[PDB]
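Asker: The structure under discussion is supplied below as structure tokens; questions concerning it will follow.
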Amino acid sequence: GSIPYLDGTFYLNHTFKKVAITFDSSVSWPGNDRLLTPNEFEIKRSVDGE
Amino acid sequence: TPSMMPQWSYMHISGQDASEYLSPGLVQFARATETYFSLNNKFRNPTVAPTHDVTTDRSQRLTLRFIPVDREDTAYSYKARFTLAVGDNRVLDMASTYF
Amino acid sequence: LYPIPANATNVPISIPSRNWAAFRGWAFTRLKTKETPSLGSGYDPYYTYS
Amino acid sequence: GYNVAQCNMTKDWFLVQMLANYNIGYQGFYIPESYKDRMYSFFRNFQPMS
Amino acid sequence: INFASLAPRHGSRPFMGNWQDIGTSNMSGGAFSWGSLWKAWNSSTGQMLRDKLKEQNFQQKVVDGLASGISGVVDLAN
Amino acid sequence: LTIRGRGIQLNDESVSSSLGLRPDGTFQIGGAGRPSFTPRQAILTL
Amino acid sequence: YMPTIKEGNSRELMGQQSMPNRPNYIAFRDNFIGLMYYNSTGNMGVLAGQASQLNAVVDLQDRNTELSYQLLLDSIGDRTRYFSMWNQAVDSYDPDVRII
Amino acid sequence: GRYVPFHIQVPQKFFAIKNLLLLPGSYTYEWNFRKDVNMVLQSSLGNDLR
Amino acid sequence: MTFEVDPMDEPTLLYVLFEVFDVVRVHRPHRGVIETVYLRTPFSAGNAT
Amino acid sequence: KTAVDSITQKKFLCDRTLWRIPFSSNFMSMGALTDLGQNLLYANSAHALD
């Protein structure tokens with residue numbers, strides 16, 4: 001069928017909870033307290049949603 | 001730029017753009033033959049973002065969150081009052097604000 | 001904190017290449033998973049322990 | 001061997017039409033931008049079949 | 001007091017935008033680009049899906065961000 | 001010093017730089033900021 | 001011990017024996033641990049000069065200030081004593097219970 | 001139909017030579033192709049054509 | 001590092017505290033201004049310009 | 001009138017596009033060579049990413 005690795009019809013992006021980025025196992029990349037949850041990027045808050 | 005690795009400049013990663021490192025001549029040729037033989041899509045034109053005096057290195061938030069200082073209610077309408085604060089070394093574009 | 005699976009006896013860890021300047025020493029201990037809140041997380045609907 | 005677009009149109013003829021209509025063909029055929037493909041144009045009404 | 005260092009550099013040359021661009025718009029006489037260009041009772045299926053695809057995407061001429069495409073002619077829908 | 005500015009005078013200092021540190025790979029500078037009008041840049045631009 | 005499952009009072013039921021429910025205490029932590037948010041940059045505390053709201057409190061997820069305060073309290077003073085101002089009363093087991 | 005003789009044109013996609021302007025000379029041009037059905041075909045259900 | 005521990009039937013974690021230096025300096029040039037600068041040497045803090 | 005108690009579910013779809021985390025100080029497109037990319041901290045030092 002379709003081959004997302006080649007034709008680029010990505011369809012599974014719906015899923016993705018959160019992503020954390022760390023350099024030297026010490027520092028988070030946007031670590032200057034930029035985002036609301038600056039520790040890591042949150043794609044979707046499941047049920048918590050305060 | 002001081003820390004520009006020369007391999008970058010040779011490989012047209014940063015430095016002079018297409019209209020300048022080329023010989024004047026090709027430039028002209030190209031300008032003339034634009035209509036029929038394109039030749040703009042075959043050289044590279046580097047783009048470089050600025051480094052200093054554009055972004056604050058010190059710890060600073062992006063999406064500030066203000067809470068209602070005082071709130072009033074009525075049978076048909078209600079009132080909400082916020083103490084919007086904009087500290088120094090900042091600028092707030094009201095277009096982003098939204099209740 | 002590094003995870004340890006059930007009935008597992010060998011726990012390898014790693015730190016990628018970095019600078020160990022003025023490093024002071026190690027200290028370690030072991031604790032149960034279901035008795036430790038998830039680090040830097042607001043609310044954990046699964047933390048059922050008191 | 002003198003066919004193109006998987007239809008019985010000779011390569012020379014296709015090249016001639018494309019050149020006459022949009023000056024395209026000496027640097028790789030591509031779909032012309034819609035603002036050149038008016039209704040009484042060639043590509044807009046080129047319909048191969050099989 | 002020169003602010004050229006703040007701008008993106010297009011290669012040994014600051015990317016200074018045109019100074020003639022400060023907004024002004026009102027009810028009449030102000031027009032901006034990017035216009036509104038655009039159980040089947042009828043089972044054709046085909047053109048239908050194709051048309052839906054067309055409906056979700058775009059095309060015009062001042063869309064010249066980046067490149068128009070190879071050999072050329074200058075056209076309309078300004 | 002003390003130019004009138006625009007009705008409320010403001011003081012003027014050029015070497016009033018207090019926080020000499022800058023965050024390199026190691027440091028992490030927390031909240032800061034002392035608003036001072038640079039003599040030439042800020043005032044003339046104002 | 002419930003001798004029979006038959007609902008409603010009956011002759012068998014009178015033999016049932018009771019047992020008190022287990023003890024279960026509940027209170028705040030040793031130092032109100034967890035009451036204040038610590039080491040979670042999401043809901044981090046803030047203390048900044050009102051002129052410039054840039055907070056001067058910059059926590060991390062790596063620090064563990066709760067355990068650090070526990071150890072510091074152990075260090076700079078005695079710990080067996082109890083202070084009721086901030087629930088300062090360290091937890092411990094009965095040594096005859098831990099070791100038989 | 002099930003059985004179809006085809007005639008097609010395949011472009012050149014490698015970025016190094018996709019837009020190269022070839023100066024006069026006599027160069028050798030060699031490339032491979034895939035005879036595997038599953039990869040060189042696309043199916044609505046994606047069923048294994050082999 | 002490689003640790004070997006006795007088996008347990010519950011998921012568990014090994015918490016290794018890499019003891020480091022952790023210092024904060026607080027400075028105040030003028031009234032109503034607090035400026036703090038942090039540091040951890042063996043595991044440095046956030047990156048910047 | 002006789003409607004059962006309701007619980008609301010929310011989810012989103014974002015197909016065919018790939019999420020992006022630009023290595024820039026302020027998540028913008030100020031240039032092809034983002035300033036963080038050329039920052040002196042990463043110029044001449046070894047780093048590891050987790």
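Labeling convention for the structure tokens: chains A, B, ... as they appear, residues from 1 per chain, ligands from 1 in order of appearance.
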Could you give me, as JSON, numbers by chain, the residues within 10 Å of residue F:42, counting only C-alpha atoms and dropping anything in the same chain fewer than 6 positions from it?

Answerer: {"E": [1], "F": [12, 36]}

Asker: Could you write those residues out with N, CA, C and O atoms, as a PDB file, in the first residue's frame?

Answerer:
```
ATOM      1  N   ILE E   1      24.104  54.216  16.007  1.00  0.00           N
ATOM      2  CA  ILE E   1      22.675  53.941  16.003  1.00  0.00           C
ATOM      3  C   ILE E   1      22.246  53.378  14.659  1.00  0.00           C
ATOM      4  O   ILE E   1      21.548  54.040  13.892  1.00  0.00           O
TER       5      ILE E   1
ATOM      6  N   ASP F  12      20.811  59.451  34.204  1.00  0.00           N
ATOM      7  CA  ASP F  12      21.497  58.919  33.036  1.00  0.00           C
ATOM      8  C   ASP F  12      22.829  58.326  33.477  1.00  0.00           C
ATOM      9  O   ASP F  12      23.651  59.019  34.084  1.00  0.00           O
ATOM     10  N   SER F  36      17.944  51.239  32.814  1.00  0.00           N
ATOM     11  CA  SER F  36      18.770  52.433  32.780  1.00  0.00           C
ATOM     12  C   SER F  36      18.826  52.955  31.355  1.00  0.00           C
ATOM     13  O   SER F  36      19.005  52.191  30.405  1.00  0.00           O
TER      14      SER F  36
END
```

Asker: Show me, as a Markdown table, the residues of chain A having an atom within 7 Å of chain B, each with the closest atom pair and its distance in Å, using only C-alpha atoms.

Answerer:
```
| residue | atom | partner | partner_atom | distance |
| --- | --- | --- | --- | --- |
| A:32 | CA | B:59 | CA | 4.5 |
| A:33 | CA | B:61 | CA | 5.8 |
| A:34 | CA | B:61 | CA | 4.5 |
| A:35 | CA | B:62 | CA | 5.9 |
| A:36 | CA | B:63 | CA | 6.4 |
```

Asker: Do me a favour and pick out the residues of chain A within 9 Å of chain J, using only C-alpha atoms, as a VMD selection string.

Answerer: chain A and resid 4 8 to 15 20 to 25 30 34 44

Asker: Assign secondary structure with DSSP using the backbone only, and return the residues of chain E in helix (DSSP H, G or I) as a PDB file with C-alpha atoms, in the first residue's frame.

Answerer:
```pdb
ATOM      1  CA  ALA E   4      20.999  46.527  10.500  1.00  0.00           C
ATOM      2  CA  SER E   5      22.564  43.879  12.747  1.00  0.00           C
ATOM      3  CA  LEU E   6      19.090  42.905  13.986  1.00  0.00           C
ATOM      4  CA  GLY E  46     -14.781  10.673  -9.707  1.00  0.00           C
ATOM      5  CA  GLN E  47     -14.769  14.274 -10.383  1.00  0.00           C
ATOM      6  CA  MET E  48     -16.420  14.566  -7.104  1.00  0.00           C
ATOM      7  CA  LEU E  49     -13.460  13.415  -5.069  1.00  0.00           C
ATOM      8  CA  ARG E  50     -11.183  15.303  -7.261  1.00  0.00           C
ATOM      9  CA  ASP E  51     -13.125  18.394  -6.687  1.00  0.00           C
ATOM     10  CA  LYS E  52     -13.035  17.987  -2.993  1.00  0.00           C
ATOM     11  CA  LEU E  53      -9.313  17.680  -3.191  1.00  0.00           C
ATOM     12  CA  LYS E  54      -9.214  20.884  -5.137  1.00  0.00           C
ATOM     13  CA  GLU E  55     -11.339  22.564  -2.631  1.00  0.00           C
TER      14      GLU E  55
END
```

Asker: How close does each residue of chain I get to chain C, giving the shortest atom pair and distance in Å to one decimal for every residue with an atom at most 7 Å away, counting only C-alpha atoms, sorted by chain and residue number, as JSON lines?

Answerer:
```
{"residue": "I:1", "atom": "CA", "partner": "C:13", "partner_atom": "CA", "distance": 5.5}
{"residue": "I:2", "atom": "CA", "partner": "C:12", "partner_atom": "CA", "distance": 4.5}
{"residue": "I:3", "atom": "CA", "partner": "C:11", "partner_atom": "CA", "distance": 5.0}
{"residue": "I:4", "atom": "CA", "partner": "C:10", "partner_atom": "CA", "distance": 4.7}
{"residue": "I:5", "atom": "CA", "partner": "C:9", "partner_atom": "CA", "distance": 5.1}
{"residue": "I:6", "atom": "CA", "partner": "C:9", "partner_atom": "CA", "distance": 5.8}
{"residue": "I:7", "atom": "CA", "partner": "C:7", "partner_atom": "CA", "distance": 4.7}
{"residue": "I:8", "atom": "CA", "partner": "C:7", "partner_atom": "CA", "distance": 5.0}
{"residue": "I:9", "atom": "CA", "partner": "C:6", "partner_atom": "CA", "distance": 5.1}
{"residue": "I:10", "atom": "CA", "partner": "C:6", "partner_atom": "CA", "distance": 5.3}
{"residue": "I:11", "atom": "CA", "partner": "C:6", "partner_atom": "CA", "distance": 4.9}
{"residue": "I:12", "atom": "CA", "partner": "C:32", "partner_atom": "CA", "distance": 4.4}
{"residue": "I:13", "atom": "CA", "partner": "C:3", "partner_atom": "CA", "distance": 4.5}
{"residue": "I:14", "atom": "CA", "partner": "C:30", "partner_atom": "CA", "distance": 4.6}
{"residue": "I:15", "atom": "CA", "partner": "C:1", "partner_atom": "CA", "distance": 4.5}
{"residue": "I:16", "atom": "CA", "partner": "C:28", "partner_atom": "CA", "distance": 4.2}
{"residue": "I:17", "atom": "CA", "partner": "C:27", "partner_atom": "CA", "distance": 4.9}
{"residue": "I:18", "atom": "CA", "partner": "C:26", "partner_atom": "CA", "distance": 5.0}
{"residue": "I:19", "atom": "CA", "partner": "C:25", "partner_atom": "CA", "distance": 5.3}
{"residue": "I:20", "atom": "CA", "partner": "C:24", "partner_atom": "CA", "distance": 5.6}
{"residue": "I:41", "atom": "CA", "partner": "C:22", "partner_atom": "CA", "distance": 6.6}
{"residue": "I:42", "atom": "CA", "partner": "C:23", "partner_atom": "CA", "distance": 5.2}
```

Asker: At a cut-off of 12 Å, list the chain A residues touching chain C, using only C-alpha atoms, as a PyMOL selection string.

Answerer: chain A and resi 22-26+37-40+42+45-50

Asker: Keeping only N, CA, C and O atoms, write the selected residues as a short mmCIF file (atom, residue, chain, number, x, y, z; two decimals), in the first residue's frame.

Answerer:
```cif
data_model
loop_
_atom_site.label_atom_id
_atom_site.label_comp_id
_atom_site.auth_asym_id
_atom_site.auth_seq_id
_atom_site.Cartn_x
_atom_site.Cartn_y
_atom_site.Cartn_z
N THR A 22 17.21 16.68 25.95
CA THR A 22 18.25 16.87 26.96
C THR A 22 19.62 16.77 26.33
O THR A 22 19.92 15.79 25.63
N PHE A 23 20.47 17.76 26.60
CA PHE A 23 21.86 17.74 26.19
C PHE A 23 22.74 17.36 27.38
O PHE A 23 22.47 17.78 28.51
N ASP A 24 23.77 16.56 27.12
CA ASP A 24 24.73 16.14 28.13
C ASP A 24 24.08 15.44 29.31
O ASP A 24 24.66 15.36 30.39
N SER A 25 22.86 14.94 29.11
CA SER A 25 22.09 14.29 30.17
C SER A 25 21.85 15.23 31.34
O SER A 25 21.48 14.79 32.43
N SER A 26 22.06 16.53 31.14
CA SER A 26 21.93 17.51 32.21
C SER A 26 20.89 18.58 31.91
O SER A 26 20.05 18.87 32.77
N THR A 37 5.18 24.53 30.32
CA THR A 37 5.81 23.40 31.00
C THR A 37 7.22 23.29 30.46
O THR A 37 7.51 22.42 29.63
N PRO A 38 8.14 24.15 30.90
CA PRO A 38 9.42 24.28 30.20
C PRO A 38 10.28 23.03 30.24
O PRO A 38 11.28 22.96 29.52
N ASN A 39 9.93 22.06 31.08
CA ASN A 39 10.71 20.84 31.11
C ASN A 39 10.65 20.10 29.78
O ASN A 39 11.68 19.59 29.31
N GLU A 40 9.48 20.04 29.15
CA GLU A 40 9.36 19.31 27.90
C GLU A 40 8.13 19.80 27.14
O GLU A 40 7.21 20.39 27.71
N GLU A 42 4.66 19.35 25.42
CA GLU A 42 3.49 18.50 25.63
C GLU A 42 2.59 18.62 24.41
O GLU A 42 2.02 19.69 24.15
N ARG A 45 -2.40 17.11 26.55
CA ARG A 45 -2.73 16.74 27.92
C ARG A 45 -3.92 15.79 27.88
O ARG A 45 -4.98 16.15 27.36
N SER A 46 -3.74 14.59 28.42
CA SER A 46 -4.72 13.54 28.24
C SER A 46 -6.07 13.90 28.84
O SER A 46 -7.02 14.20 28.11
N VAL A 47 -6.16 13.91 30.16
CA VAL A 47 -7.43 14.13 30.84
C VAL A 47 -7.26 15.25 31.86
O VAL A 47 -8.24 15.87 32.29
N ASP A 48 -6.01 15.52 32.24
CA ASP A 48 -5.73 16.46 33.31
C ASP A 48 -6.28 17.84 32.98
O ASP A 48 -7.18 18.33 33.66
N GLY A 49 -5.75 18.45 31.92
CA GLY A 49 -6.28 19.67 31.36
C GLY A 49 -6.78 20.69 32.37
O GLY A 49 -7.98 20.96 32.42
N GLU A 50 -5.88 21.23 33.18
CA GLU A 50 -6.29 22.22 34.16
C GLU A 50 -6.27 23.61 33.54
O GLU A 50 -6.20 24.62 34.26
#
```

Asker: Would you mind listing what lies within 10 Å of residue H:37 as a PyMOL selection string, with only C-alpha atoms counted and same-chain residues fewer than 4 positions away left out?

Answerer: chain H and resi 41-42+48-50

Asker: Quick one: which residues from chain G are at most 6 Å off chain B, using only C-alpha atoms, as a list in words?

Answerer: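 Putting it all together, I get residues 51, 52 and 53 of chain G.
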
Asker: If you count only C-alpha atoms, which residues fall within 10 Å of residue G:67, apart from same-chain ones fewer than 5 positions away, as a list in words?

Answerer: residues 33, 72 and 73 of chain G

Asker: Would you write out, as CSV, a table of all residues in chain H that have an atom no more than 8 Å from an atom of chain D, listing for each the closest atom pair and the distance in Å to one decimal, considering only C-alpha atoms and ordering rows by chain and rising residue number?

Answerer:
```
residue,atom,partner,partner_atom,distance
H:6,CA,D:6,CA,7.4
H:7,CA,D:6,CA,5.5
H:8,CA,D:6,CA,5.8
H:9,CA,D:4,CA,7.4
```

Asker: Can you list every residue of chain I that has an atom at most 10 Å from chain A, with its nearest atom pair and the distance in Å to one decimal, using only C-alpha atoms, ordered by chain then number, as a Markdown table?

Answerer:
```
| residue | atom | partner | partner_atom | distance |
| --- | --- | --- | --- | --- |
| I:40 | CA | A:26 | CA | 9.9 |
| I:42 | CA | A:26 | CA | 9.4 |
| I:43 | CA | A:26 | CA | 5.7 |
| I:44 | CA | A:26 | CA | 6.6 |
| I:45 | CA | A:27 | CA | 5.7 |
| I:46 | CA | A:27 | CA | 5.2 |
| I:47 | CA | A:27 | CA | 7.2 |
| I:48 | CA | A:32 | CA | 8.0 |
```

Asker: Output N, CA and C atoms for every residue in the selection just made, as a JSON list (two decimals), in the first residue's frame.

Answerer:
```
[["chain", "number", "residue", "atom", "x", "y", "z"],
["I", 40, "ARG", "N", 25.64, 24.68, 38.58],
["I", 40, "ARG", "CA", 26.00, 23.35, 39.06],
["I", 40, "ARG", "C", 27.20, 22.88, 38.26],
["I", 42, "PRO", "N", 29.47, 19.86, 38.17],
["I", 42, "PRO", "CA", 29.62, 18.59, 37.45],
["I", 42, "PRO", "C", 28.51, 18.31, 36.47],
["I", 43, "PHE", "N", 27.34, 18.91, 36.65],
["I", 43, "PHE", "CA", 26.23, 18.80, 35.71],
["I", 43, "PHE", "C", 25.70, 20.21, 35.49],
["I", 44, "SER", "N", 26.24, 20.88, 34.48],
["I", 44, "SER", "CA", 25.96, 22.29, 34.28],
["I", 44, "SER", "C", 24.48, 22.51, 34.00],
["I", 45, "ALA", "N", 24.04, 23.74, 34.24],
["I", 45, "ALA", "CA", 22.65, 24.10, 34.06],
["I", 45, "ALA", "C", 22.45, 24.60, 32.63],
["I", 46, "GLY", "N", 21.30, 25.19, 32.35],
["I", 46, "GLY", "CA", 20.87, 25.52, 31.00],
["I", 46, "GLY", "C", 21.88, 26.22, 30.10],
["I", 47, "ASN", "N", 21.71, 26.03, 28.80],
["I", 47, "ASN", "CA", 22.59, 26.64, 27.82],
["I", 47, "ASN", "C", 22.04, 28.00, 27.41],
["I", 48, "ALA", "N", 22.86, 28.78, 26.73],
["I", 48, "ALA", "CA", 22.46, 30.13, 26.36],
["I", 48, "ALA", "C", 23.43, 30.67, 25.33]]
```
